[PDB]
Amino acid sequence: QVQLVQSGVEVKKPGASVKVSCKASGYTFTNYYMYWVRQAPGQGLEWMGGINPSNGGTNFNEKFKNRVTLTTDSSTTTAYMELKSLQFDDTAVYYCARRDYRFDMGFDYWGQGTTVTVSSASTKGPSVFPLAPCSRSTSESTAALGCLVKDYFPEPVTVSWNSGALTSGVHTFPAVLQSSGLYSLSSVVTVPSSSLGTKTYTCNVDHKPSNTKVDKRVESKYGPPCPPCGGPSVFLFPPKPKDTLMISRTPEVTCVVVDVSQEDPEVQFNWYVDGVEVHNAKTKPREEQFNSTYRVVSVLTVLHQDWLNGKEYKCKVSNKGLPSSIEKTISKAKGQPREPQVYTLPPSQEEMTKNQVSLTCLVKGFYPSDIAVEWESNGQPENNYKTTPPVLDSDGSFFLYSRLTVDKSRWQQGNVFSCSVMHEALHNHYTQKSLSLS
Amino acid sequence: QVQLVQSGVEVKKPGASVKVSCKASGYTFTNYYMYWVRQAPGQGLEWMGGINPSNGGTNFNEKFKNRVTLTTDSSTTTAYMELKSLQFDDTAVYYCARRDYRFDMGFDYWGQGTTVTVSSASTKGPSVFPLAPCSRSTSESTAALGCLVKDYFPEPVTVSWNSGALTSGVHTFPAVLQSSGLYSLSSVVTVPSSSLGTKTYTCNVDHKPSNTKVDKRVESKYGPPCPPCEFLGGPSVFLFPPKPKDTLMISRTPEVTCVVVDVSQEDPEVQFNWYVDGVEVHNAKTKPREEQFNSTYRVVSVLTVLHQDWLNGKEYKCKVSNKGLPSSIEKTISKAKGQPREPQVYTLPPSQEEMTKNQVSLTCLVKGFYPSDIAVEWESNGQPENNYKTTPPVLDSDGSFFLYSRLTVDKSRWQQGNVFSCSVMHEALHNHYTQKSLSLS
Amino acid sequence: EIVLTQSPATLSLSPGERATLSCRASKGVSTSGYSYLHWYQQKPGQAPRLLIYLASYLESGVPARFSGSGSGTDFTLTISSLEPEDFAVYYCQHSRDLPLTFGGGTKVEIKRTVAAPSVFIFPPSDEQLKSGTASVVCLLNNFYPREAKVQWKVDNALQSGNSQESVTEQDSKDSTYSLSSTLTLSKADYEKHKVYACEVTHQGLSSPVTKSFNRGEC
Amino acid sequence: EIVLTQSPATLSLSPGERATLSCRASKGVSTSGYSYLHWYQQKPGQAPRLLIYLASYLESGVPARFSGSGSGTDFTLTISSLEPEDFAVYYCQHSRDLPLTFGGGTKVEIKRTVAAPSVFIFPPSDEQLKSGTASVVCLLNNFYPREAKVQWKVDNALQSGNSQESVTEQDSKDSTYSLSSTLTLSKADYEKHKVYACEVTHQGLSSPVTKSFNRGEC
Ligand SMILES: *[C@@H]1O[C@H](CO[C@@H]2O[C@@H](C)[C@@H](O)[C@@H](O)[C@@H]2O)[C@@H](O[C@@H]2O[C@H](CO)[C@@H](O[C@@H]3O[C@H](CO[C@H]4O[C@H](CO)[C@@H](O)[C@H](O)[C@@H]4O[C@@H]4O[C@H](CO)[C@@H](O)[C@H](O)[C@H]4NC(C)=O)[C@@H](O)[C@H](O[C@H]4O[C@H](CO)[C@@H](O)[C@H](O)[C@@H]4O)[C@@H]3O)[C@H](O)[C@H]2NC(C)=O)[C@H](O)[C@H]1NC(C)=O
Ligand SMILES: OC[C@H]1O[C@@](CO)(O[C@H]2O[C@H](CO)[C@@H](O)[C@H](O)[C@H]2O)[C@@H](O)[C@@H]1O
Ligand SMILES: OC[C@H]1O[C@@](CO)(O[C@H]2O[C@H](CO)[C@@H](O)[C@H](O)[C@H]2O)[C@@H](O)[C@@H]1O
Ligand SMILES: OC[C@H]1O[C@@](CO)(O[C@H]2O[C@H](CO)[C@@H](O)[C@H](O)[C@H]2O)[C@@H](O)[C@@H]1O
């Protein structure tokens, strides 16, 4: 087979000389011309000259006459190209290519090329610097990392990731020749952002002309000595007591999910009334709550009788940041209802020396503890009142106190005050008791 | 510029010898006697001997006469103490000290001391382990880090931080002696939490007996190869009490001020949450965010004080959440010594309508108190009662708390004129105790 | 001295389509019954490969799909049906007179659906900053076509003549391009400013994408 | 030999107070107008420092707040206005006779207001876990008075016999102490348990302070 084997890589200073060889084999060497063509990096082809081996007759391109010497050895079927007085723009890949002497049928066989670099540098190994995001917290699933292989001479450098194991997503860019005359290239790799502190990322840079090998760790696993800098949770809220007891008002069960990831913002809600699935819940759109988390709410309306007869309201939440699914259930407090007793108490004699006095309402003997207490004056609602939470008594029932603060003059001028209680065990879920200066 | 420089740490076998050198400089070597004093572990100072460098005359403590040799080298202005036939109890710090030849004016200059250990046990270099927090939390303003220097023999080990550049907040602890006969020591440093990931932290450990010199990295920067986890370390929150400075009058209106800095331009949106005794409040004045100036943002929230809350000692908590970051930065302030509010106690007889029942309720209204921490009990004719219940404290409109306590009694007992008392225990009462009585009129 | 112009400089086609590359000579290259014009294929890192000689006759070992036509000054190299192995550079060469000259080349690239660039920005490493220089790197990943403009801005001020770009060859699997732009500054010049950003314009982007960072905030 | 009796053994005083240290020699140390009795100050980690020589002459460089007096057998060192940096052991020494001998020392401790410790817990390093031991460390930083208790709990089980503590000498500027406690376990035992707690009791803390970590969440 026809073969043209050229000599190796050349690195020269300007003003120096270079001699490239081209070993021919598998054909009658003397029946073909040998031509010389060069290609500067990222440029086209430039024919330099030609030699006829049988007689040594040379042809040249005007630009290369005087600086190029073409020679041949018919015993060793080798062609040589000596380029003298080298200049930076002689940097190229130099090719030999044969051509039939009798009938020109183009350059049918070429050598593999010989790279020649013309430069004032000075063999030097690279400084390898890591390429990493300044703040890869984000909501994006793919992160880029790399190695900047700067200030080396001459070419080439080879870059691998994780000793050959990491191949997908890698882009090693062609080298750039800087104003200094030293080369530089970057190698990058796109990886899943989840993997960052879970998996190791190392670039293996080899610069054979300087015998330098560098395995630069760009991203390590989490843990010391690195400075330090839990999935969705569900809350289910019952209706408001007044809303379950009054037929005018509307009771609702509210399901809220918090700590939802930015990469996984799912809104999958499933509701059940006494184990049977329902579909009348009005779900709301998701919102970013000043955390690196999403919050979303689903509201299921309930009939007054369903909540009062018990009934379990289950909220199932689904999201791709959970191993399974979160399910919370709510209902009215279980147990035999017991009826509240309501009593009003006037201010203490000792409190009458003050500008404002306390009107007291004792509400005792009720079960469950869901209750609403309010105050009214003459024929209108009051405002300056506070009610205590329900307290469990020794008989298994609850009591509470509600306190209305009033100007002593209002109490002293005979105004009638009313303490109103709404509870499920009361007739029409409502009762009222009056208080007046005796 | 008088200096006495002694030779380094020594460890020797019993029956062997040690030679301690003392290089003198900054004075006329021959005009001062050189003395040797030791300090054994758990002991005071012991005089060993002295030499006259001009003529070689010596004096010794009889306890060491026969084992100590004192010598001088005039050309190097050095004095030597050689202690032969070493005993386990010769373990000590050895010092040279000078004394004026013509007048006895004390041991005015001393060498730095040479630690000498006598032991047939083997010399062992330490293992150096970093001390770093298990995932540091907010809003801790101070962080601690350190180094555990474990399992070495003999003493001493020296420790420095960042090659002597870090000295403030450093505590190098005395060593502990383990049951194995090996020593351990801990060195720590406290730094601002804001500094972690800004500067590197490394302890430099030296154990001269085994020629161990370790530079252990405890904390790195933020900072490839460390994964990124937002940048800058995090925004900083500063919560100010009511003041400020300059002038009067009714404007004025004391305010608690929350100020946040180091808020980035890529994550500008900030939310402020205010709590008074852990109860969220909504009256705060969040000022519009400002760029001024370096590069970050500055957002200010002002909460007006109400009632007598600051003086009572209420806790003002400001929580800052930056849109784009995982956590929230919480800061809390309060007056150091708060002024409590005294409970007012009132007893109320049973409602007239409850008097138709077999059991009646005696009520105790307790109001106007701060702090909420209180206890109520009941008595009948002075005797502690059995069946009463008290509600939790309820926050009132004026910033104080109130509650009710209820005692159930048989109507017959109320009707037969027994005296019932409501008793209250609280910080703001005389003798932390008061009672109010109630009887059928 | 005869010169050769090739057209179009770049030809973007899908595997299966036809490729008609043109070559125009300043003077006539046909003499004595033959047209002294030849075609060559060049893959990256490989020597040129002879396809057609004397503008028409097929070279031994070359597939049937390659053919050449022409006389005088206008010459055409056809690729009846392209294959993945045909996406390469193609050169024309004359030899009716010395000096021998080549055309400027025609790159046959793979046609593909428009993909926007996934842009990333990297600050200078602490390790580099101790050396007195600062390299800020902007990456434009997996995009098509190759045309994309990168503008560097420092504190909203446009940068010029202190940058260098590098582009990959079209990716074998997905036929996409990736690009890197490095803004080099001294440590003194880098410490003087605070905000660094690279704005990216491309057919796939409805509005310029601008990835940025702040010097101190890292 | 002459025995030099120092008293009190310890002296705890606030800054600004006068400290009075006494030294009684068993035999007279005065001759021909001179009392051969000197005083030294020894601070943690340093050589003794001469304060007073020949009973009452102040050594150059020593502050004027130090003064000595006496003759024959009874001698006194006075620190007229104590400073925090005066924390040290003070020794008297004679040179009337051979052997030269020192008193047993008076330790001067500085009083300050109560300071609660700041507590920090440290898990064992992965580096230490490669060997077969686990060291858990607790730091009690900058507290006063000295008395402090540490209790170690491993999954709520009180530890005994496997802990050691070190207390620093009183600080020369702030007069506080610091304490480091180390719980030592075999790696096997460390890996069989989940929560590691350090509980601290001190006068400055109304209720004890507990610092914990869960192994595996580090
Ligand atoms: C990131 O941010 C999320 C959103 O919070 C908001 O934004 C942040 C940045 C800050 O600005 C916050 O101040 C702000 O609120 C956080 O969400 C919160 O998560 C926690 C879980 O850790 C939830 O805690 C649970 O709250 C239940 C009570 O919640 C009611 O009351 C709150 C006020 O007290 C109120 O804020 C809530 O909105 C809620 O209010 C009721 O809402 C329903 C439905 O709209 C109404 O019908 C009612 O009327 C409302 N009632 C009132 C009184 O307003 C607790 O019951 C619950 O405790 C139970 O479980 C825990 C264990 O989980 C037990 O320990 C406990 O004993 C008890 O059994 C629990 O405390 C909180 O509700 C969430 N807030 C909201 C707004 O939903 C994220 O946590 C945060 N992420 C991180 C990692 O920080
Ligand atoms: O390699 C020479 C070749 O490179 C160019 C264009 O990139 O620039 C470099 O040339 C020299 C290399 O040593 C340097 O003098 C110059 O600063 C560098 O940019 C051209 O000059 C030339 O064609
Ligand atoms: O105990 C019978 C019956 O009396 C009520 C009041 O109507 O409760 C009173 O007696 C209980 C037992 O001592 C107390 O616990 C309770 O506080 C008191 O009101 C009923 O609730 C109870 O069923
Ligand atoms: O009410 C019965 C019983 O409960 C206790 C629990 O110790 O607490 C209640 O009463 C306190 C005042 O005495 C309140 O502070 C507390 O909130 C409330 O639950 C007892 O104190 C009381 O006797």
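These values consider heavy atoms only, across backbone and side chains, with no hydrogens, waters or symmetry-generated copies. Lettering of chains follows the sequences in order, A, B, ..., and the numbering in each one begins at 1.
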State whether A/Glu350 and B/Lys436 are salt-bridged, where the test is any N-O pair (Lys NZ or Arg NE/NH1/NH2 against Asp/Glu carboxylate O) under 4.0 Å. no

Turns out that what part of B/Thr202 lies under 4.5 Å from chain A's heavy atoms comes down to neither

Would you say B/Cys226 and A/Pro227 make side-chain contact, with heavy atoms under 4.5 Å? yes

For A/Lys364, is it the side chain, the backbone, both or neither that has a heavy atom under 4.5 Å from a heavy atom of chain B? side chain

For a 4.5 angstrom cut-off between non-hydrogen side-chain atoms, does A/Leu362 reach B/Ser351? no

Minimal non-hydrogen separation, A/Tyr401 against B/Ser405, with atom names: OH-O, 4.2 Å

Toward chain A, the part of B/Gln352 with a non-hydrogen atom under 4.5 Å: neither

Heavy atoms under 4.5 Å from chain A: which residues of residues 389-396 of chain B carry them? B/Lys389, B/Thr390, B/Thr391, B/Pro392, B/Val394, B/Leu395, B/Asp396

Establish, for the pair B/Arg406 and A/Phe399, whether the NZ or CZ atom is under 6.0 angstrom from the six-membered ring centre and no further than 45 degrees off its axis. yes

In terms of heavy-atom proximity below 4.5 Å to chain A, should B/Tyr388 be classed as side chain, backbone, both, or neither? neither

Closest contact, heavy atoms only, B/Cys229 versus A/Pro228: SG-O, 4.1 Å

Honestly, the part of B/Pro224 sitting under 4.5 Å from a heavy atom of chain A is both

Option in A/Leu131, A/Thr360, A/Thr200, A/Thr344 with maximal non-hydrogen atom pairs under 4.5 Å from chain B: A/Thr360

